[PDB]
Amino acid sequence: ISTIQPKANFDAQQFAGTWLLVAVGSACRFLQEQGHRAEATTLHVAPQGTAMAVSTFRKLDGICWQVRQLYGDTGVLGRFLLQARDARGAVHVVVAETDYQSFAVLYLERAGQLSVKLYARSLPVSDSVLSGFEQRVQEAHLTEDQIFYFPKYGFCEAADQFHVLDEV
Amino acid sequence: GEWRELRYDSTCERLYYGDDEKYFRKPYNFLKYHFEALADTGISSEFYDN
């Protein structure tokens, strides 16, 4: 395990609003098999103190769902702890390489393993940025084979009262 | 019969059901306890006007 630098002079009101997931880099089993249950995943973000309040949205078996979490800040700008809500413990979230207008690369960590995500404000991404994500995966010592490019269409937002996990 | 309970995992992006409380231990004083899911509803409405 190792340290990667969070976004220097980060601003939470610039990360706010909607985002769409392009890809995930991880050694995790449930992507290298069962990957047909990768689905079109998007975020709404709103700042709450130095922490970021996060809603993820996804289709679970044709029904649109919402997932609610705090990126509770560690007291270091651009680092957050996922509020330790369940028996898996806590996940560290580090915003690694971004511009608020187009793209974000995140690192997420548990059990001494790094993992990474690429997000965009709108559906396509520039090949240099996507190559940057591949290099961040290689620099995380993961293979490009451990990169999973999520469904490029059919996203959803605003799930009903009964389709939100309320995990916080 | 109700163990099914949703969980997200933020690392590797999965939505999965908890695998918690799948079984309960039965006390010796209980012969059978059965976790059968039923509903029945019955509704009657009557209106009379003169």
# chains A, B, ... in the order shown; residues from 1 in each chain; ligands from 1

$ interface_residues --of "chain B" --to "chain A" --cutoff "12 Å" --atoms "only C-alpha atoms" --output "PyMOL selection string"
chain B and resi 5-20

$ write_last_selection --atoms "C-alpha atoms" --output "tab-separated table (two decimals), in the first residue's frame"
chain	number	residue	atom	x	y	z
B	5	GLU	CA	-31.50	-6.78	2.47
B	6	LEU	CA	-29.64	-4.44	0.02
B	7	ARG	CA	-26.04	-3.17	0.47
B	8	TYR	CA	-23.82	-1.09	-1.84
B	9	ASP	CA	-20.10	-1.62	-2.21
B	10	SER	CA	-18.40	1.57	-3.35
B	11	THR	CA	-15.11	-0.22	-4.14
B	12	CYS	CA	-15.73	-2.25	-7.32
B	13	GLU	CA	-19.24	-0.81	-7.81
B	14	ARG	CA	-21.72	-3.59	-6.83
B	15	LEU	CA	-25.24	-3.72	-5.34
B	16	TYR	CA	-25.67	-6.93	-3.44
B	17	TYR	CA	-27.78	-8.41	-0.62
B	18	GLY	CA	-26.29	-8.54	2.85
B	19	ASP	CA	-25.93	-12.27	3.77
B	20	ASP	CA	-26.72	-11.23	7.41

$ residues_around --residues "residue 128 in chain A" --least-positions-apart "6" --cutoff "12 Å" --atoms "only C-alpha atoms" --output "ChimeraX atom specification"
/A:103,134-135

$ write_last_selection --atoms "C-alpha atoms" --output "mmCIF file, in the first residue's frame"
data_model
loop_
_atom_site.group_PDB
_atom_site.id
_atom_site.type_symbol
_atom_site.label_atom_id
_atom_site.label_comp_id
_atom_site.auth_asym_id
_atom_site.auth_seq_id
_atom_site.Cartn_x
_atom_site.Cartn_y
_atom_site.Cartn_z
ATOM 1 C CA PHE A 103 -13.492 14.797 -15.777
ATOM 2 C CA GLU A 134 -5.070 3.711 -17.964
ATOM 3 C CA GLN A 135 -1.699 5.121 -16.794
#

$ select_by_dssp --residues "chain B" --states "strand (DSSP E or B)" --output "PyMOL selection string"
chain B and resi 6-9+14-17

$ write_last_selection --atoms "C-alpha atoms" --output "PDB file, in the first residue's frame"
ATOM      1  CA  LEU B   6     -29.639  -4.436   0.019  1.00  0.00           C
ATOM      2  CA  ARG B   7     -26.037  -3.172   0.471  1.00  0.00           C
ATOM      3  CA  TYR B   8     -23.820  -1.087  -1.838  1.00  0.00           C
ATOM      4  CA  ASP B   9     -20.099  -1.622  -2.207  1.00  0.00           C
ATOM      5  CA  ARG B  14     -21.723  -3.590  -6.835  1.00  0.00           C
ATOM      6  CA  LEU B  15     -25.236  -3.719  -5.345  1.00  0.00           C
ATOM      7  CA  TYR B  16     -25.671  -6.934  -3.440  1.00  0.00           C
ATOM      8  CA  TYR B  17     -27.784  -8.412  -0.617  1.00  0.00           C
TER       9      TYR B  17
END

$ atom_distance --atom1 "CA of residue 2 in chain A" --atom2 "CA of residue 21 in chain A"
24.7 Å

$ closest_residue --among "A:71, A:162, A:119, A:149" --to "residue 99 in chain A" --atoms "only C-alpha atoms"
A:119
